[PDB]
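Novice: Handing you this structure, nothing more for now.
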Amino acid sequence: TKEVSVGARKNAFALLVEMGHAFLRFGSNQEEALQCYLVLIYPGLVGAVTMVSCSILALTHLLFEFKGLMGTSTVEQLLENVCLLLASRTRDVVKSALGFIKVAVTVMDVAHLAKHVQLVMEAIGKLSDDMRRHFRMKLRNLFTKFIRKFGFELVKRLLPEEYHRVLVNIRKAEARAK
RNA sequence: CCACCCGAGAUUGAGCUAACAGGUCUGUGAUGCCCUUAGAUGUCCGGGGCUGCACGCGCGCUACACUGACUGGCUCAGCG
């Protein structure tokens, strides 16, 4: 899934989906089988940095396919770990964490996300100057999705100063898109 | 646009709060002066005025009639 070839990456993603399907046939309860599947891939978030980004990308692809079936609270736990991985120096780990956060915001229910806007968006807030400037597109899209899904004034209140303008800039599009 | 083969590579990495004269609009100075039983129209009450009329400068209404005025019938609309 982090190979050089795009075809190999596509095949590895499809193979992950297929083995996730394969563990849905070895037991009676699907959720516990998916839990066993994840605890077979959980240690990869601990080893090498490229292996950490590998595991974050794998979890990102897995979260989009088996959205609710793995179990919401467990989702939240993984998101919390991604927040620690939001503190990484490497740009690949940060990019993979941003993609996972985007996929989670797309997938996860808004009522349970409301418990976790502050933590993940605080982890977004204290990222860096270089990290903010480089991945300004991903942060822009994430703040757009948070404004769609929650109160604009809430994200305004809990973010630091500079991001404020980015928020209102997004809100600016929210009048001309209509 | 999607998928696939070959190919090492069919996209992996680096760089790219500010400006608005596009509009709007009552926040910051231990801000300069002038006034503060000389109330930057002090509240209230009662009664007057706003219309008062020699004359100028001008819009309007009614008329000076006979192609008119008075008296009785007739049949006619449209915006709203």
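Each chain in the structure tokens gets a letter, A, B, ..., in the order shown, and its residues are numbered from 1; ligands are numbered from 1 in order too.
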Which residues of chain B are close to chain A, meaning at most 8 Å apart when you count only C-alpha atoms (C1' of nucleotides), and how do they look as a VMD selection string?
Specialist: chain B and resid 9 to 12 17
Novice: Could you pull out the residues in region 5-163 of chain A that DSSP calls helix (DSSP H, G or I) from the backbone, as a PyMOL selection string?
Specialist: chain A and resi 6-22+30-39+42-45+49-65+72-87+91-107+110-113+117-125+129-134+136-149+152-158+161-163
Novice: Suppose you want the space between CA of residue 62 (chain A) and CA of residue 35 (chain A); what is it in Å?
Specialist: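 Between CA of residue 62 (chain A) and CA of residue 35 (chain A) the gap is 12.1 Å.
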Novice: Do you know which residues are at most 12 Å from residue 112 (chain A) counting only C-alpha atoms (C1' of nucleotides), after dropping those on the same chain fewer than 2 positions away, and could you put them as a list in words?
Specialist: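 Result of the neighbour search: residues 72, 73, 74, 75, 76, 104, 105, 107, 108, 109, 110, 114, 115, 116, 117, 118, 149 and 150 of chain A.
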Novice: Pick out the closest residue to residue 14 (chain B) from this set: A:157, A:25, A:91, A:9. Count only C-alpha atoms (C1' of nucleotides).
Specialist: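 The shortest atom-to-atom distance to residue 14 (chain B) comes from A:91.
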